[PDB]
Amino acid sequence: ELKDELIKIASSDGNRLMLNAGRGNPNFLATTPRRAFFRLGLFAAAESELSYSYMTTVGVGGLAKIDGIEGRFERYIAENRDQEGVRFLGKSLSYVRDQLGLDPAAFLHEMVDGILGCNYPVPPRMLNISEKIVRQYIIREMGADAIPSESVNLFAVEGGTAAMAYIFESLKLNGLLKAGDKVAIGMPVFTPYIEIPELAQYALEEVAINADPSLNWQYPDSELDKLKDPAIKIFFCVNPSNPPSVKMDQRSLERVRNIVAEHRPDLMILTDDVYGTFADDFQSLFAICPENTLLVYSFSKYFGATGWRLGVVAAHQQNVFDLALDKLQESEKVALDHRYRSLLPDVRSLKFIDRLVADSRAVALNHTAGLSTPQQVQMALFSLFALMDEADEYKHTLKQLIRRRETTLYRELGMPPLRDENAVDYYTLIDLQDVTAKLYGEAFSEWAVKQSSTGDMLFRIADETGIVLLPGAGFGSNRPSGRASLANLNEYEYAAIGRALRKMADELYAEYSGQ
Amino acid sequence: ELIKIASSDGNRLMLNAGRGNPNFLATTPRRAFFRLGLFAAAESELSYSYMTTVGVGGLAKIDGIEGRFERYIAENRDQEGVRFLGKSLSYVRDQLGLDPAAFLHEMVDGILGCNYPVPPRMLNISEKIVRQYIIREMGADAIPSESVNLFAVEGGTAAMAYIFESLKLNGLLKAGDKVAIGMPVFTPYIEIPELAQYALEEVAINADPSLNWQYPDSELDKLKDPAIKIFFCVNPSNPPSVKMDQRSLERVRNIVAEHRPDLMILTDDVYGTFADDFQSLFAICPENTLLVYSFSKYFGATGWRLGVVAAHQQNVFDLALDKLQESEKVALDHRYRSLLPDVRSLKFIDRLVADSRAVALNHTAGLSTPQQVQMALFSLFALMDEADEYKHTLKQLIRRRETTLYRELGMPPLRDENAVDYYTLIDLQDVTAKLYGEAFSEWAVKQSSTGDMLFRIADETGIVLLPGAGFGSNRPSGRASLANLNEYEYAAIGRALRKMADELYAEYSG
Amino acid sequence: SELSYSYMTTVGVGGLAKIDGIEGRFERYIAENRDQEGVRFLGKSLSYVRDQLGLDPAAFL
Amino acid sequence: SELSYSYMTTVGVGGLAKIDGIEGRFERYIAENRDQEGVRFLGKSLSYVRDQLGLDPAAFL
Amino acid sequence: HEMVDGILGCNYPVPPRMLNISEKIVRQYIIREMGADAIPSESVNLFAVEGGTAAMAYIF
Amino acid sequence: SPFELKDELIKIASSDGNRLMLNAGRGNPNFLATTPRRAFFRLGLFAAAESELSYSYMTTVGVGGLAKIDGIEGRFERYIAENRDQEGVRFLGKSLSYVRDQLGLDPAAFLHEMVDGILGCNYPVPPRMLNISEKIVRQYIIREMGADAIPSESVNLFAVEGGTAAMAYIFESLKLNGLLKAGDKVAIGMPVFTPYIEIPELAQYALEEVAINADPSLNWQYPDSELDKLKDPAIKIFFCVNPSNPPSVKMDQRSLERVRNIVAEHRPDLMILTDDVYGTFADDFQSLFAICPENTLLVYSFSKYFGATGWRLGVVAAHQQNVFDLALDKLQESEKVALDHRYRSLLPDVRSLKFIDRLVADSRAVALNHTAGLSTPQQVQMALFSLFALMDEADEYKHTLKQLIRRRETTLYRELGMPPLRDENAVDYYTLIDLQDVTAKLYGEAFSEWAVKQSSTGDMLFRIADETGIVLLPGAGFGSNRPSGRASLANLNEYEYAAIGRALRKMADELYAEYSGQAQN
Ligand SMILES: *Cc1c(COP(=O)(O)O)cnc(C)c1O
Ligand SMILES: *Cc1c(COP(=O)(O)O)cnc(C)c1O
Ligand SMILES: *Cc1c(COP(=O)(O)O)cnc(C)c1O
Ligand SMILES: *Cc1c(COP(=O)(O)O)cnc(C)c1O
């Protein structure tokens with residue numbers, strides 16, 4: 001509720017994004033894979049222009065010809081060696097042809113025809129080579145070191161935002177989730193993911209799997225164990241988490257692996273892993289229980305591409321969603337036979353991830369559904385950018401940047417809180433007791449806590465810096481605390497938040513020092 | 001049989017979705033996009049404060065943007081795209097009178113795709129630009145630009161998908177309801193409404209071939225039935241490919257203003273610009289019409305997935321909304337509770353957006369900012385081409401293609417002011433009549449069959465035409481698109497069709 | 001002038017020079033052309049008018 | 001400095017640089033020389049001074 | 001190749017009546033400007049000659 | 001069969017690289033150092049201009065004279081200034097400074113050797129190795145062998161055409177100088193590739209090989225007991241490839257110190273002949289040449305590390321004071337007189353002719369010694385590869401290559417339980433794919449053991465050669481009883497490694513399937 005008055009004191013689209021959707025829009029962006037996208041376009045347009053047969057000054061192209069594409073492409077690569085984006089395009093060619101072993105002419109054609117976006121995505125679910133390019137990036141950054149590439153299929157959608165909207169709808173229409181079914185949600189999570197299941201169109205009952213502060217926001221075993229209840233149809237999780245911003249740990253990952261393995265082989269897991277790369281040796285639920293999990297991976301935060309709206313829905317070639325589909329009643333299966341009659345002859349063989357594509361645009365419009373070709377191409381380039389960066393220079397650069405900002409934030413707050421291996425810190429929690437105790441001791445700590453309120457703290461900082469933090473969610477109001485993103489502000493702004501919260505601390509301390 | 005005889009991507013798009021994919025595309029606004037981006041990138045690289053070789057950037061600053069943008073333009077006068085961007089700044093700053101720095105930062109930030117679209121229905125300066133183009137091309141020459149709002153979506157495909165779902169959701173279309181579809185129309189549109197998701201009853205408004213595929217008054221009049229809650233139209237039409245004439249437009253404006261002021265119109269005018277002096281049902285009855293305009297066919301931008309849902313500030317979808325039972329009002333109030341305090345004030349165009357992403361994610365919904373920027377730029381291109389040079393170039397390409405197509409079939413059918421002809425109807429009777437007489441005309445039709453013809457043509461050239469539909473199968477006929485093949489391909493289609501005609505005439509002769 | 005023409009044409013039509021940002025553009029022009037005596041003169045006269053006469057440079061330009 | 005000298009001399013004399021329009025002229029200089037190391041450095045230092053330290057960009061330049 | 005070999009003038013014209021692709025390119029132009037929108041491009045054969053002057057000489 | 005499976009294997013899969021692995025037991029790198037090569041070609045252009053500067057008549061023909069050393073630094077620096085924007089050129093310029101400022105050598109002299117050298121217009125002088133290239137290449141060598149205690153003036157090199165020509169040269173030389181005679185006992189670190197096994201066992205030499213078998217359960221390190229087998233005075237020469245091929249590991253500190261005592265307190269007359277081509281691929285390599293500089297003849301190749309197999313660049317290193325010369329000091333007057341008449345045309349006190357210089361003389365039938373040595377352009381390309389590794393202080397090139405190898409290792413073991421645990425003595429230019437270890441990782445030790453009996457190296461390599469086109473090196477070295485194959489992580493691309501892995505996982509799921517059926521019975 002303090003949210004309404006916070007926005008008033010401080011107004012900026014960013015601050016709103018944080019309070020309305022609960023995300024920090026990044027102030028950083030992968031430039032190289034973008035420059036290449038643009039250079040690939042200039043070359044693409046030339047390829048277009050080569051095919052227009054008439055004399056006009058108006059500016060019309062024909063479709064790029066696949067014949068002799070390598071030769072022209074290479075000629076392009078050579079004449080522009082001093083342009084950042086062209087060198088990348090070139091290496092990228094090598095990687096796809098040489099390391100992945102796909103057809104180079106076909107790769108070039110998919111990329112050129114794609115960024116011209118003069119053709120409907122085909123197949124609808126995701127372009128042929130891009131899927132294979134993007135899936136190798138996914139597996140890797142998800143920690144799926146054992147899953148064979150061919151066993152993983154992707155559906156390219158418009159951000160993780162379109163993902164959740166498409167999944168929940170498909171789960172309802174396909175009777176894999178009905179009103180009354182219990183949904184286990186790893187909490188805390190941001191509001192949008194609490195609201196969706198509660199909507200009247202879904203009417204699902206949620207079961208909190210609560211993260212524990214004492215465990216650095218890991219889900220204790222007793223908590224995970226709740227999934228044993230066979231009534232829980234699915235486990236909705238955001239990992240690494242937002243707001244806590246920590247990745248689930250080993251214990252937690254085996255815990256679930258076992259529950260699924262020995263008690264709930266039928267359970268559906270739905271995990272959102274956008275912050276994965278910001279973690280250290282991330283391993284996704286998808287990697288631990290691939291056959292039971294639907295992955296939603298967005299390129300949004302890692303590449304500073306929120307505006308691009310790029311994400312994928314990944315599913316194992318063999319999974320429980322299709323299983324649950326066969327376990328449906330003849331009567332339900334007969335009605336779905338009508339629903340997808342047009343997609344193909346044997347609807348009982350239509351895999352769930354293909355139903356996601358069909359359902360996203362009413363089905364009758366399948367052949368023209370799918371994420372835009374130019375969008376997919378930019379996705380394919382982000383993927384390549386990561387894969388070819390063997391030393392992880394880009395990843396390290398961002399992680400040291402989050403750290404520099406953290407260093408600046410707590411400079412006057414008693415340095416950052418101790419960081420362990422499960423830490424991500426895309427959002428960092430500024431707790432008043434912990435800051436005061438690190439500055440003036442645990443006595444003053446317990447007394448300062450009682451003297452203020454989250455709103456108090458937030459309002460004051462919002463008033464002295466214009467920056468509005470996110471109230472501390474996760475451990476019973478007992479604790480004054482806010483959350484900041486270490487990805488959306490610049491250093492002097494993190495200096496100001498911390499300078500302000502010191503002054504408040506020096507004041508809280510002056511009071512305590514005179515009785 | 002004839003199902004694989006011909007296999008390809010174009011052949012499948014036509015057979016599987018009644019669409020001809022254009023083999024032309026507007027390149028200046030595209031070259032401008034990529035050029036815009038290069039510049040955008042430099043802007044990003046200016047805000048990165050650390051020594052690196054990794055390839056990182058911050059966000060472009062708006063402060064000093066025009067100045068730096070002018071240097072970029074001055075520096076590259078010699079690149080087609082740069083010239084256009086520069087001209088487009090003047091059009092926006094000078095003719096639309098918008099803020100120049102704001103326009104530029106929206107475009108730079110917009111194409112770097114580094115922020116969520118805000119607002120979600122459509123970036124601000126882009127909507128004012130695109131609606132300016134919409135109004136012009138839809139011939140809505142009397143509507144005040146400000147009464148028109150657009151929702152930026154992923155082609156006509158997301159729109160139809162969005163609208164129907166939002167109409168069910170808000171009870172503006174309930175089961176048992178009647179939907180007047182303008183026929184013939186391609187398959188996907190007969191399907192959506194017959195999906196059990198909605199369960200409505202279709203009411204065909206049949207175009208008349210004797211009328212040159214125009215909707216006869218008796219048929220338009222069917223619309224008077226108050227059981228018809230919505231008129232579903234693709235205009236210009238597909239497969240007929242003609243534009244409703246004035247008599248028609250007018251006939252309907254009437255049925256609305258004098259019998260059905262409650263009627264809902266859903267019109268898809270993606271082919272508008274290929275018609276001669278197009279006027280859309282949204283221009284005739286702005287308060288009763290949801291327009292759906294796709295950029296796909298005209299700029300040859302199918303892969304880009306760019307379109308808009310336009311709605312008049314004051315319209316019947318919102319009026320209808322204020323007429324539901326409190327029962328339904330209270331349930332909607334709960335649905336969109338997270339969106340705003342007074343849910344009863346939420347305009348229907350805005351519910352589309354929210355319903356497009358399960359409501360709870362409305363804050364992050366909307367079309368990608370890079371797409372929207374490409375859209376603004378396609379719009380700017382048309383808008384700045386006062387002489388319609390582009391339009392003419394395409395219109396003559398279509399005709400050129402038609403001439404080559406019919407060279408050996410009696411020459412293309414008589415043109416009409418309502419002809420668009422993005423799809424052309426190759427009728428067997430009319431072609432043998434022009435070639436050998438009314439007498440052979442009649443014998444030949446009875447002699448052959450639509451499947452038979454499509455085969456001879458397919459088996460011989462590999463292209464498979466759409467079966468001529470819309471007038472009692474007694475007429476063997478097929479439709480080809482004059483937009484997706486090069487001349488020698490149409491030459492082959494006709495060569496094979498005349499080969500057939502000859503053999504049937506050899507017979508008659510005997 | 002051509003900077004203010006808003007339409008697409010090959011005929012050769014310009015619009016009215018805008019004062020806004022004129023210094024920056026003129027200054028860019030002077031730099032890009034330091035080897036043409038005419039430009040070396042335009043730049044110094046901008047200094048005279050603004051620096052010695054105390055007048056307004058954007059107006060002068 | 002040369003932009004601040006008002007008279008025609010061939011002796012090489014300049015005047016005090018002006019703080020007006022300075023970010024813009026500096027930005028043309030940078031873009032105009034991205035291939036000269038020291039220069040890319042200068043560009044980034046402005047961002048560092050303007051973006052991370054939050055100090056006045058034109059006063060800095 | 002027909003145009004590169006041809007502008008070099010290094011081979012005798014083959015076939016003698018007229019080069020292959022030029023004949024096809026030229027007849028397309030001849031049917032357009034002579035207004036023969038009913039005649040199929042492949043029903044027309046051309047004999048490349050040195051101006052109308054050469055044309056009449058040969059024909060008579 | 002070992003010598004029969006090889007021939008049939010060569011059939012199922014033909015590819016130049018596959019044959020190389022089978023016919024030479026070598027893995028030809030698909031990576032190569034470009035900066036030193038561009039540096040080279042561009043020095044070539046500078047040098048051609050330096051040559052044209054000296055031709056005195058008019059022509060269009062394209063003739064040039066010898067390059068003049070006078071004023072060469074000025075011109076070189078002009079050339080360099082005028083080309084800062086080309087990669088190799090930047091490189092060239094710094095190397096001049098490395099040679100000048102860090103090695104303290106004469107710059108005009110350095111440049112002239114490089115210019116004159118790459119033009120190949122003079123006979124190598126001295127034949128053994130060009131003066132400055134020798135002092136450069138040895139700095140590289142000393143560093144990369146971990147010979148961190150051996151003053152440089154003490155090491156000499158003989159530029160030869162790869163470690164392939166170094167061996168042919170060294171065995172014949174040992175023979176002709178009587179340091180190695182028929183039936184002499186030559187000890188060989190094992191396992192080792194077939195070539196180094198056939199040579200000493202040739203009728204020309206007829207020596208007796210004494211296996212110094214490596215121990216699988218020891219990660220292929222040689223156990224004290226096997227090493228100690230060198231105290232036998234009947235053993236005249238310890239022949240060894242380190243880091244090993246195919247075990248692909250470097251002898252640890254223990255094994256190195258072992259041999260150290262064996263030479264100080266028991267065998268000071270022992271002759272060590274070590275091939276250390278894969279040294280740079282190991283973590284902190286130290287060569288036996290580092291450990292016993294005067295008992296060793298180091299044969300170092302530039303092929304694998306720089307991706308120069310086709311350049312054929314190699315050096316033979318020997319300490320000034322070494323046991324090959326002592327041994328020639330100890331020959332009977334009788335034999336020394338026979339030598340005096342072989343190397344007479346070379347020098348007056350043929351008894352002073354050092355062994356390493358006999359290496360040169362011998363290679364070209366003595367009479368031709370003044371026109372012997374590696375080609376000047378090759379020695380120059382050799383000096384440029386050396387400068388390159390020496391100037392790269394952070395070892396980026398080396399890290400890049402190690403990381404490439406590890407990447408290929410991960411792609412390969414992806415469906416096999418991950419690569420086996422690495423050591424500190426691990427090089428892995430070649431990696432061992434052991435069916436017992438894989439099956440054990442995937443399905444446990446119980447299965448592991450049943451598998452090893454159910455299969456064969458023959459079985460394994462054929463499934464893989466069939467399914468992927470890749471033919472592996474039969475796993476050699478243990479109580480055979482272990483189906484296993486070797487691959488090089490240096491001669492294929494990722495998707496091929498994945499192909500190999502995929503094939504093997506299939507094979508183990510298949511065995512496990514049979515094993516599962518049987519157990520549940
Ligand atoms: C920021 C964020 C995303 C991004 O979603 P996109 O719609 O792909 O931009 C997804 N989930 C969570 C938990 C986030 O914090
Ligand atoms: C070609 C076409 C469109 C465009 O489809 P998008 O989803 O916008 O690509 C729309 N409607 C009809 C009737 C068409 O034939
Ligand atoms: C000018 C003219 C020509 C041209 O003759 P060429 O021989 O082809 O130059 C032909 N016919 C007529 C009647 C003319 O007036
Ligand atoms: C590859 C290899 C060589 C290199 O031989 P060169 O003739 O120098 O190319 C030498 N020894 C072994 C152990 C090898 O594996």
# chains A, B, ... in the order shown; residues from 1 in each chain; ligands from 1
$ residues_near_ligand --ligand "ligand 2" --cutoff "7 Å" --atoms "only C-alpha atoms and all ligand atoms" --output "number ranges by chain"
A: 368; B: 18-20, 154-158, 186, 234, 238, 268, 270, 294-297, 302, 305-307
$ write_last_selection --atoms "C-alpha atoms" --output "PDB file, in the first residue's frame"
ATOM      1  CA  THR A 368       1.483 -17.429 -39.101  1.00  0.00           C
TER       2      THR A 368
ATOM      3  CA  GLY B  18      -4.730 -18.167 -47.920  1.00  0.00           C
ATOM      4  CA  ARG B  19      -1.863 -15.625 -47.954  1.00  0.00           C
ATOM      5  CA  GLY B  20       0.441 -14.712 -50.746  1.00  0.00           C
ATOM      6  CA  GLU B 154       2.355  -8.697 -33.677  1.00  0.00           C
ATOM      7  CA  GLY B 155       0.718  -8.578 -37.065  1.00  0.00           C
ATOM      8  CA  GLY B 156      -2.907  -9.073 -37.892  1.00  0.00           C
ATOM      9  CA  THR B 157      -2.456 -12.447 -36.358  1.00  0.00           C
ATOM     10  CA  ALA B 158      -1.990 -11.327 -32.757  1.00  0.00           C
ATOM     11  CA  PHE B 186      -9.769 -17.186 -46.346  1.00  0.00           C
ATOM     12  CA  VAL B 234     -11.692  -8.295 -44.742  1.00  0.00           C
ATOM     13  CA  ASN B 238      -9.360 -12.019 -49.828  1.00  0.00           C
ATOM     14  CA  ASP B 268      -9.128  -6.166 -41.711  1.00  0.00           C
ATOM     15  CA  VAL B 270      -4.274  -4.830 -44.743  1.00  0.00           C
ATOM     16  CA  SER B 294      -1.209  -5.165 -40.973  1.00  0.00           C
ATOM     17  CA  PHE B 295       1.983  -3.653 -42.413  1.00  0.00           C
ATOM     18  CA  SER B 296       2.856  -7.081 -43.848  1.00  0.00           C
ATOM     19  CA  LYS B 297       1.741  -6.988 -47.451  1.00  0.00           C
ATOM     20  CA  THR B 302       5.561 -10.462 -43.012  1.00  0.00           C
ATOM     21  CA  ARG B 305       4.996  -9.120 -37.476  1.00  0.00           C
ATOM     22  CA  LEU B 306       3.775  -5.523 -37.491  1.00  0.00           C
ATOM     23  CA  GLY B 307       0.206  -4.348 -37.154  1.00  0.00           C
TER      24      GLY B 307
END
$ residues_near_ligand --ligand "ligand 1" --cutoff "8 Å" --atoms "only C-alpha atoms and all ligand atoms" --output "ChimeraX atom specification"
/A:22-25,158-163,189-190,238-239,241-243,272-275,297-301,305-307,309-311 /B:116,364-365
$ write_last_selection --atoms "N, CA, C and O atoms" --output "short mmCIF file (atom, residue, chain, number, x, y, z; two decimals), in the first residue's frame"
data_model
loop_
_atom_site.label_atom_id
_atom_site.label_comp_id
_atom_site.auth_asym_id
_atom_site.auth_seq_id
_atom_site.Cartn_x
_atom_site.Cartn_y
_atom_site.Cartn_z
N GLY A 22 8.02 -5.00 -10.47
CA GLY A 22 9.05 -5.58 -9.62
C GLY A 22 10.36 -6.02 -10.27
O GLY A 22 10.94 -7.04 -9.87
N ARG A 23 10.83 -5.27 -11.26
CA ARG A 23 12.05 -5.61 -11.98
C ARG A 23 12.98 -4.42 -12.11
O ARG A 23 12.54 -3.27 -12.14
N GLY A 24 14.28 -4.66 -12.19
CA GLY A 24 15.16 -3.53 -12.37
C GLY A 24 15.58 -3.49 -13.82
O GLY A 24 16.22 -4.43 -14.27
N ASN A 25 15.22 -2.46 -14.59
CA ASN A 25 15.67 -2.42 -15.97
C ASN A 25 17.17 -2.08 -15.97
O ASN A 25 17.60 -1.07 -15.40
N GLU A 158 7.72 -13.77 -27.17
CA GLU A 158 8.05 -12.37 -26.90
C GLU A 158 8.28 -12.05 -25.43
O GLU A 158 7.49 -11.37 -24.77
N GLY A 159 9.40 -12.56 -24.94
CA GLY A 159 9.79 -12.31 -23.57
C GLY A 159 9.21 -13.36 -22.66
O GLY A 159 8.30 -14.11 -23.05
N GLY A 160 9.73 -13.43 -21.44
CA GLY A 160 9.21 -14.39 -20.51
C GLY A 160 7.81 -13.94 -20.21
O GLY A 160 7.03 -14.72 -19.69
N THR A 161 7.49 -12.69 -20.51
CA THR A 161 6.15 -12.16 -20.24
C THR A 161 5.11 -12.90 -21.07
O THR A 161 4.05 -13.26 -20.57
N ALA A 162 5.41 -13.13 -22.36
CA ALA A 162 4.50 -13.84 -23.24
C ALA A 162 4.57 -15.31 -22.87
O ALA A 162 3.64 -16.08 -23.11
N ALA A 163 5.66 -15.71 -22.26
CA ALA A 163 5.74 -17.11 -21.95
C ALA A 163 4.67 -17.49 -20.93
O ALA A 163 3.80 -18.29 -21.23
N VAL A 189 8.12 -14.05 -4.33
CA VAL A 189 8.26 -13.89 -5.75
C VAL A 189 7.56 -12.58 -6.06
O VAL A 189 6.90 -12.01 -5.18
N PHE A 190 7.73 -12.03 -7.26
CA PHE A 190 7.04 -10.76 -7.49
C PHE A 190 5.55 -10.97 -7.81
O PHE A 190 5.11 -12.03 -8.28
N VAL A 238 10.81 -19.20 -9.46
CA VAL A 238 11.68 -18.23 -10.16
C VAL A 238 13.08 -18.41 -9.58
O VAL A 238 13.31 -18.04 -8.43
N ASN A 239 14.00 -18.96 -10.38
CA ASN A 239 15.35 -19.28 -9.90
C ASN A 239 16.48 -18.92 -10.87
O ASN A 239 16.50 -19.40 -12.00
N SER A 241 15.89 -16.46 -7.66
CA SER A 241 14.77 -15.65 -7.24
C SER A 241 14.89 -14.14 -7.41
O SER A 241 15.99 -13.57 -7.46
N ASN A 242 13.70 -13.53 -7.50
CA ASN A 242 13.47 -12.08 -7.57
C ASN A 242 12.26 -11.96 -6.65
O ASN A 242 11.21 -12.50 -6.95
N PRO A 243 12.35 -11.21 -5.55
CA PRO A 243 13.36 -10.37 -4.90
C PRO A 243 14.62 -10.87 -4.18
O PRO A 243 15.64 -10.19 -4.20
N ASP A 272 11.35 -20.05 -14.00
CA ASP A 272 11.74 -18.83 -14.71
C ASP A 272 13.19 -18.52 -14.35
O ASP A 272 13.48 -18.02 -13.25
N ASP A 273 14.11 -18.79 -15.27
CA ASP A 273 15.51 -18.57 -14.94
C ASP A 273 16.30 -17.40 -15.56
O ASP A 273 17.50 -17.52 -15.77
N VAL A 274 15.64 -16.27 -15.78
CA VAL A 274 16.26 -15.09 -16.35
C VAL A 274 17.58 -14.59 -15.71
O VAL A 274 18.45 -14.01 -16.38
N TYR A 275 17.75 -14.80 -14.40
CA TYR A 275 18.94 -14.30 -13.71
C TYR A 275 20.06 -15.32 -13.65
O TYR A 275 21.15 -15.06 -13.14
N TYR A 297 13.13 -19.00 -20.22
CA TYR A 297 14.37 -18.23 -20.20
C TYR A 297 14.24 -16.97 -21.04
O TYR A 297 13.96 -17.05 -22.22
N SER A 298 14.47 -15.81 -20.43
CA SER A 298 14.39 -14.52 -21.12
C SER A 298 15.78 -13.93 -21.28
O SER A 298 16.59 -14.01 -20.35
N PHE A 299 16.03 -13.34 -22.44
CA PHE A 299 17.31 -12.75 -22.73
C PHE A 299 17.34 -11.34 -22.21
O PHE A 299 18.35 -10.63 -22.32
N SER A 300 16.24 -10.93 -21.61
CA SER A 300 16.09 -9.57 -21.14
C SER A 300 17.09 -8.91 -20.20
O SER A 300 17.53 -7.81 -20.50
N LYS A 301 17.44 -9.57 -19.10
CA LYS A 301 18.32 -8.94 -18.13
C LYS A 301 19.80 -9.03 -18.33
O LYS A 301 20.51 -8.09 -18.00
N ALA A 305 18.21 -6.28 -22.87
CA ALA A 305 17.27 -6.36 -23.99
C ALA A 305 15.81 -6.40 -23.60
O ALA A 305 15.00 -6.99 -24.30
N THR A 306 15.45 -5.81 -22.48
CA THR A 306 14.05 -5.84 -22.12
C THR A 306 13.16 -5.38 -23.28
O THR A 306 12.13 -5.99 -23.60
N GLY A 307 13.58 -4.28 -23.92
CA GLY A 307 12.82 -3.75 -25.04
C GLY A 307 12.68 -4.69 -26.23
O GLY A 307 11.72 -4.58 -26.99
N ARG A 309 12.15 -7.88 -26.15
CA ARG A 309 11.15 -8.90 -25.84
C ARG A 309 11.51 -10.26 -26.41
O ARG A 309 10.79 -10.79 -27.26
N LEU A 310 12.63 -10.81 -25.95
CA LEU A 310 13.11 -12.11 -26.40
C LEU A 310 13.20 -13.17 -25.29
O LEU A 310 13.81 -12.97 -24.22
N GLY A 311 12.56 -14.30 -25.55
CA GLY A 311 12.59 -15.39 -24.62
C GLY A 311 12.21 -16.68 -25.32
O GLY A 311 11.72 -16.71 -26.47
N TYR B 116 11.48 -1.55 -21.37
CA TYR B 116 10.17 -2.10 -21.64
C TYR B 116 9.33 -1.09 -22.36
O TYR B 116 9.42 0.12 -22.12
N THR B 364 4.37 -5.11 -18.54
CA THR B 364 5.45 -5.51 -19.41
C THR B 364 4.95 -6.05 -20.75
O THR B 364 5.68 -6.73 -21.46
N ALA B 365 3.71 -5.73 -21.11
CA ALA B 365 3.18 -6.20 -22.39
C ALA B 365 3.51 -5.21 -23.50
O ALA B 365 4.22 -4.22 -23.29
#
$ residues_near_ligand --ligand "ligand 3" --cutoff "12 Å" --atoms "only C-alpha atoms and all ligand atoms" --output "mmCIF file with N, CA and C atoms, in the first residue's frame"
data_model
loop_
_atom_site.group_PDB
_atom_site.id
_atom_site.type_symbol
_atom_site.label_atom_id
_atom_site.label_comp_id
_atom_site.auth_asym_id
_atom_site.auth_seq_id
_atom_site.Cartn_x
_atom_site.Cartn_y
_atom_site.Cartn_z
ATOM 1 N N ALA E 48 19.040 -11.002 -85.725
ATOM 2 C CA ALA E 48 19.796 -9.755 -85.475
ATOM 3 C C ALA E 48 20.532 -9.298 -86.729
ATOM 4 N N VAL E 49 20.177 -8.106 -87.223
ATOM 5 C CA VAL E 49 20.742 -7.540 -88.453
ATOM 6 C C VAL E 49 21.299 -6.121 -88.241
ATOM 7 N N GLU E 50 22.121 -5.650 -89.181
ATOM 8 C CA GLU E 50 22.703 -4.351 -89.025
ATOM 9 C C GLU E 50 21.803 -3.183 -89.503
ATOM 10 N N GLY E 51 20.787 -2.899 -88.674
ATOM 11 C CA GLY E 51 19.813 -1.859 -88.966
ATOM 12 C C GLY E 51 18.704 -2.291 -89.941
ATOM 13 N N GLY E 52 17.596 -1.546 -89.959
ATOM 14 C CA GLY E 52 16.504 -1.831 -90.870
ATOM 15 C C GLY E 52 17.029 -1.905 -92.294
ATOM 16 N N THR E 53 18.010 -1.040 -92.592
ATOM 17 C CA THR E 53 18.694 -0.956 -93.899
ATOM 18 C C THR E 53 19.152 -2.379 -94.316
ATOM 19 N N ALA E 54 19.929 -3.034 -93.454
ATOM 20 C CA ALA E 54 20.357 -4.382 -93.743
ATOM 21 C C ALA E 54 19.104 -5.297 -93.874
ATOM 22 N N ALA E 55 18.127 -5.090 -92.996
ATOM 23 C CA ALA E 55 16.887 -5.852 -92.978
ATOM 24 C C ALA E 55 16.183 -5.956 -94.351
ATOM 25 N N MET E 56 15.899 -4.802 -94.958
ATOM 26 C CA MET E 56 15.200 -4.819 -96.235
ATOM 27 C C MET E 56 16.027 -5.435 -97.347
ATOM 28 N N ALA E 57 17.319 -5.149 -97.354
ATOM 29 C CA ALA E 57 18.208 -5.715 -98.357
ATOM 30 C C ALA E 57 18.040 -7.244 -98.365
#
